[PDB]
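Since the structure comes first, as structure tokens, the remarks are kept for the end.
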Amino acid sequence: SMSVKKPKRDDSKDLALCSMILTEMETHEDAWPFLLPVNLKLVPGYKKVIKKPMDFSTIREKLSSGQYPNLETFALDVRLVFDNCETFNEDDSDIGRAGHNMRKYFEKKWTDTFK
């Protein structure tokens, strides 16, 4: 509360470490469905169904331009990518499996780096 603060957690490396995680996600062999924004002109249903589209290139640009106020808003956009994938894609499809694999991959890097 006013003039009463928990000890300061060192966040000075957070930007660098989120950038490293994001590099690892970008270079994973199963990243291909997620590298660029889904083409809203060419994929029926996507625009109407997926209210907040998100992809790794968009996260990379946000990260590079100071549009993440903290590491939790970064994690929210990464999880949005996988939540959108599960919304639109069957679990037993190449894309559906890719999205589960990538979410698993991310969540391990996230825990190991920050928790």
Side-chain angles (χ1 to χ4, degrees), residues 1-7 9-12 14-114:
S1 73
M2 197 186 325
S3 313
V4 181
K5 285 300 152 347
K6 290 210 183 53
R9 192 216 157 238
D10 187 1
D11 65 347
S12 62
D14 289 356
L15 183 66
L17 288 161
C18 288
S19 177
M20 292 171 60
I21 295 173
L22 182 54
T23 296
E24 292 157 5
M25 279 189 307
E26 288 164 334
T27 59
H28 191 298
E29 70 164 285
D30 301 337
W32 61 265
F34 314 112
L35 295 177
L36 301 178
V38 171
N39 186 331
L40 298 182
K41 298 173 198 282
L42 306 183
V43 180
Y46 209 86
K47 197 172 197 302
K48 184 66 180 274
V49 172
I50 299 297
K51 300 309 183 177
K52 295 169 77 168
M54 187 53 56
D55 70 283
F56 295 168
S57 80
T58 300
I59 299 170
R60 170 66 71 190
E61 185 61 39
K62 289 181 67 167
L63 195 65
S64 289
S65 59
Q67 290 186 67
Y68 295 115
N70 55 59
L71 83 169
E72 302 304 334
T73 59
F74 170 82
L76 286 169
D77 264 358
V78 174
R79 290 168 180 148
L80 176 62
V81 175
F82 306 129
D83 292 347
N84 290 342
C85 182
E86 278 197 53
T87 296
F88 208 78
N89 293 269
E90 282 284 345
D91 297 340
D92 189 2
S93 60
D94 294 282
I95 293 173
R97 287 187 276 284
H100 290 295
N101 289 352
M102 295 303 307
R103 184 193 298 273
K104 187 81 172 177
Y105 191 69
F106 170 68
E107 290 304 346
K108 175 82 157 60
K109 306 281 185 178
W110 191 252
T111 296
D112 294 353
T113 303
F114 294 115

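Below, all heavy atoms of this structure are taken into account, side chains as well, without hydrogens, waters or symmetry copies. Nothing fancy with the numbering, it's 1 onward along the sequence.
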State, to 0.1 Å, how close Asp30 and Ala98 come at their nearest heavy-atom pair, and which atoms those are.
O-CB, 3.7 Å
If you take all heavy atoms of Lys48 and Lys51, which pair is closest and at what distance?
O-NZ, 2.7 Å
Can [Y] be reached from [X] by stepping across I, L, V, M, F, W or Y side chains whose heavy atoms are under 4.5 Å apart?
X     : Y      : result
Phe88 : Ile95  : no
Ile50 : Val78  : no
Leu40 : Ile59  : no
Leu35 : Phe106 : yes

Side chains of [X] and [Y], heavy atoms from C-beta outward: is any pair under 4.5 Å?
X     : Y      : answer
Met25 : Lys109 : no
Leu71 : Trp110 : yes
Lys62 : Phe74  : no
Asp14 : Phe114 : yes

Output the distance between atom [atom1] ([X]) and atom [atom2] ([Y]), rounded to the nearest 0.5 Å.
X     : Y      : atom1 : atom2 : answer
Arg79 : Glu107 : CZ    : CD    : 4.0 Å
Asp11 : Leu17  : CG    : CG    : 11.0 Å
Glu24 : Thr113 : CD    : OG1   : 7.0 Å
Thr87 : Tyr46  : OG1   : OH    : 8.0 Å
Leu22 : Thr27  : CG    : OG1   : 9.5 Å
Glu29 : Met102 : CD    : CE    : 10.0 Å

Looking at [Y], is its backbone amide N or carbonyl O close enough to the side chain of [X] to form a donor-acceptor pair, meaning the two atoms are under 3.5 Å apart?
X     : Y     : result
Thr58 : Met54 : no
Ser93 : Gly96 : yes
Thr23 : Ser19 : yes
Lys47 : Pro44 : no
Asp55 : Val38 : no
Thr73 : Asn70 : yes

Is it true that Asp77 and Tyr68 share a donor-acceptor pair across their side chains at a distance under 3.5 Å?
yes
Presence of salt bridge, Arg97 and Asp91, under 4.0 angstrom
no
Taking atom CG of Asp92 as the centre, report whether more than 12 heavy atoms of other residues, nucleotides or ligands fall under 6.0 Å from it.
no
Is the CD atom of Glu61 crowded by more than 12 outside heavy atoms at less than 6.0 Å?
no
Mutual orientation of the aromatic rings belonging to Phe56 and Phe34 [parallel < 30°, tilted 30-60°, perpendicular > 60°]:
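Taking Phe34 first and then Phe56, their aromatic rings sit tilted (interplane angle of 30° to 60°).
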